[PDB]
Every structure is written in structure tokens, then in C-alpha cells.
């Protein structure tokens, strides 16, 4: 039950429901194994830790916010290989951490904000909270700042920033 500052990355497959319906269980399970293997390797690669969820998408923490951004950037291109797109949100805040041997669980308002940012992210986009932009002030990363808004179900007003990618 540790209070900690963490960078959390949330990812989700765009149109998972329709891919599963168009491909059928057999082919969908395949794509989902390809996606997971890919995403899990990328996370390991950049030093992240998968933190528990039962909800199809991925959630992982990183001791480095720069690592989280670079990891997200790479995941978007890597999964594109499978013909699907992914949406990604990154946020940093204090969260309650609990690391069992069954995995690590993370909770708190910061976790809800992260999931919210992910939902507001477009296909193949890496959307970040201004908190994360601020944290990596000075890094090589560039952002386009969208307007301020309230993430309903959360205290305060948030400005969201899109990562300037390359392609």
C-alpha cells in the first residue's frame, strides 16, 4: 500500500470489437497474441512494468517519463505492422501501488485520468497530459497543445498534448 509518483501509459486497440467480429474468434485470438507479444516486448525494452488489468488493453508504469513516451512512440509503429491501430495516453501522478507476486496493481485518481486521456486519444496517436509534457521539459519530445477541458469524473481542468511523431 505504497504512495508513489508514477508515469502510467494506457493503450487500447482501435475498433477491437469490429476486428473480432470480422475475423471471428480464431483469427482474432491470433492478432491479440501478436499484439500482446509485441507490446509486452516494447514495454520490457524501455524499462516499463505491466501493471494489472483484465480489460483487454495495456497499462504500464515507467520510472522514466521519457522512456514511456519513446516506448509509446515505438508501439504505435510496431503494431501498425499487424494492420491495426492503437491509441495511447500517458499521465503522471501519485498512485497507490501494491506489488504482489501475482502482478502489480495501481490505483488512484491518477489512474483514472490516465485511462481518460487514452480514450481521448485518436488512432495511432500518443496523447499526453500537460503534467507529462512539463515533466519532460527539456527532452527532445515535441507536442501540440489542445485546449483545456475537464475530464468528467476528475478534479481540476486538464490540458492535453499530442506527441509530434515522425512517420
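Positions refer to the first chain, counted from 1.
- Per the PDB record, of the two stretches 66-74 and 104-112, 104-112 carries the greater mean B-factor over its C-alpha atoms.
- With 49-57 and 134-142 compared on mean CA B-factor from the PDB entry, the stretch scoring higher is 49-57.
- Highest CA B-factor among the listed residues (92, 82, 97, 88): 97.
- Across 160, 6, 1, 163, the entry's maximum B-factor at the CA atom is seen for 1.
- When the CA B factors of the chain's modelled residues are split into thirds, the value for residue 15 lands in the lowest one.
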